[PDB]
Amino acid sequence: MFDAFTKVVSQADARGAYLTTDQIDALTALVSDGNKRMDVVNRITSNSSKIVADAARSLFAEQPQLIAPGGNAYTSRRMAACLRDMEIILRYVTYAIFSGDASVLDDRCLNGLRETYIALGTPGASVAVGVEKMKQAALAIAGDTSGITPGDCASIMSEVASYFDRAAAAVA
């Protein structure tokens, strides 16, 4: 995996280049906002049980055929697997917003997952609606103005949104 800093480093090494002062400026910008980035990790993680359960509950309400007999989330084993899936993805998203780079989410989670779901017969689009739901809730939690120093977390929220959308796109 990479993080924000090693991502620009790998890109530079590919080019036999030193990092440019502009690039360093952008990284120092990310560092100056580091407190906020923690908060995002901390808040999503702190509330991740709510997020998985609420997003799943909603998904099943919206697509009832999933929990009907014969359905892909029918039986405890298949339900457990699904809940585990939502958790694993949310976990990897938090890893990406923590690292400031997507590669960990790509490499250890998303890569090949689409094919896995086709083979399994898991409805990848359904997984994606659930990821989209976890995104709305994670941001509302993350972007909440209460119990915290007021400031602007707009960059981070777009960036968190990106990781969720990227995860949703991969299972599709």
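Residue positions are given as counts along the sequence shown, with the first one as 1.
- Relative to its counterpart among 163-171 and 1-9, 163-171 has the higher mean temperature factor, C-alpha atoms as listed in the PDB entry.
- As listed in the deposited structure, the average C-alpha B-factor of 129-137 and of 108-116 is greater for 108-116.
- The PDB entry gives the largest Cα B-factor of the residues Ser103, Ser49, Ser146, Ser58 to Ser146.
- When the modelled residues of the chain are ordered by C-alpha B-factor, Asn42 sits in the lowest third.
- In the deposited entry, the Cα temperature factor of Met157 places it in the highest third of its chain's modelled residues.
- Looking at the C-alpha B-factors along this chain, the one for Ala29 belongs to the highest third.
- For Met86, the recorded CA temperature factor ranks within the highest third of the chain's modelled residues.
- In this PDB entry, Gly121 carries a Cα temperature factor that places it within the highest third of its chain's modelled residues.
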